[PDB]
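Q: Following this message is one structure expressed as structure tokens.
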Amino acid sequence: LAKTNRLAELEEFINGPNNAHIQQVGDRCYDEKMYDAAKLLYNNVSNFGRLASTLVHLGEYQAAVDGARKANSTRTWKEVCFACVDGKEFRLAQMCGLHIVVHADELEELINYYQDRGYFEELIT
Amino acid sequence: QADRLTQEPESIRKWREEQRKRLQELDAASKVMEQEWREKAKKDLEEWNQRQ
């Protein structure tokens with residue numbers, strides 16, 4: 001199914017659980033990115049960084065209110081808002097700012113990702 | 001390179017206009033320091049004059 005098509009690719013992404021090692025679902029889904037089901041399933045499953053990376057348009061403003069909320073291991077971020085400032089001037093990387101930061105000791109990995117791609121202003125603010 | 005020159009040429013001009021933000025002080029220094037210390041030389045000079 002993961003590799004089915006597009007047509008019934010939104011009819012079963014709602015009724016595909018039946019006990020299994022779905023351990024390949026997320027992986028294959030991550031290998032085969034279509035964002036329209038990485039929630040309708042991820043909200044019945046798990047695997048996140050492998051959510052904020054594979055596909056672009058990001059998961060949109062539809063992956064933050066449920067992303068940095070938990071907080072995970074450093075990295076996948078040195079990518080995200082990094083790749084944001086240069087492209088996507090929606091200012092979607094100021095929300096994701098204090099968002100991904102939420103840390104009691106980081107900010108070192110956070111300075112080769114807000115520079116090389118012409119930052120400042122937004123950074124000094 | 002593939003990302004090394006879009007990096008600075010939209011952030012290098014910081015260094016440019018700051019060198020001209022340099023300027024000033026130095027040149028300002030002596031220009032003004034000139035018209036001043038000399039006014040001082042007359043300060044003492046008129047010292048001489050009256051006092052005598």
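Chain labels follow the order of the structure tokens: the first chain is A, the next B, and so on; residue numbering restarts at 1 in every chain, and ligands are counted from 1 in their shown order.
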Counting only C-alpha atoms, which residues from chain B have an atom at most 9 Å from any atom of chain A, and could you show them as a list in words?
A: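 Therefore, the residues near the partner are residues 3, 4, 6, 7, 8, 10 and 11 of chain B.
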Q: Give me the residues within 9 Å of residue 32 in chain A as a ChimeraX atom specification, counting only C-alpha atoms and dropping any in the same chain fewer than 5 places off.
A: /A:2-3,27,54-55
Q: Residue 52 in chain A: which residues within 9 Å, counting only C-alpha atoms, same-chain residues fewer than 2 positions away excluded, as a PyMOL selection string?
A: chain A and resi 48-50+54-56+58-59+63+67+76-77+80
Q: Run DSSP on the backbone and grab whatever in range 66-121 of chain A lands in helix (DSSP H, G or I); send it over as a list in words.
A: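 Helix (DSSP H, G or I) members of range 66-121 of chain A, listed: residues 77, 78, 79, 80, 82, 83, 84, 85, 86, 95, 96, 97, 98, 99, 100, 101, 109, 110 and 111 of chain A.
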Q: Record the distance separating CA of residue 44 in chain A and CA of residue 99 in chain A, expressed in Å with one decimal.
A: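 Calculated distance between CA of residue 44 in chain A and CA of residue 99 in chain A is 23.4 Å.
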Q: Of the candidates A:84, A:51, A:95, A:101, which shows the shortest atom-to-atom distance to residue 34 in chain A, using only C-alpha atoms?
A: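 Of the candidates, the smallest distance to residue 34 in chain A is held by A:51.
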Q: Please report the interatomic distance between CA of residue 5 in chain A and CA of residue 31 in chain A in Å with one decimal.
A: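 We find that CA of residue 5 in chain A and CA of residue 31 in chain A lie 14.5 Å from each other.
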